[PDB]
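Only one chain is shown below, in structure tokens, and it's the form solved without the partner chain.
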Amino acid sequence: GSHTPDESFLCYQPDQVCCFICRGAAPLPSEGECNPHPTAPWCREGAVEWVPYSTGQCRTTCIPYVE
């Protein structure tokens, strides 16, 4: 009934991490795994788009972390 909140799932890879904010579903894990995450500065700073995903729409950004 009101504004639906968006979440974020960080898909993690031993050398790559992509954070996505979804307003209905999550990202499709095919290169590692993903789970609910807060949002570092790289998540919000590199995730500035949107795309139609399985059960909803998710946007995402990826960064070089412990790679």
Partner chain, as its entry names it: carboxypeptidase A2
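Positions refer to the first chain, counted from 1.
Separately, the form deposited with the partner chain bound exists; it is not shown, and the next lines address it.
In the entry with it bound, the partner chain stays beyond 4.5 Å of every heavy atom belonging to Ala47.
A residue is said to contact a partner when one of its heavy atoms sits within 4.5 Å of a partner heavy atom; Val17 meets this definition for the partner chain in the entry with it bound. Interface membership of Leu10, defined by any non-hydrogen atom within 4.5 Å of the partner chain in the entry with it bound, is confirmed.
Taking a 4.5 Å heavy atom cutoff to the partner chain in the entry with it bound, the contacting residues in 41-56 are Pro41, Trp42, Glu45.
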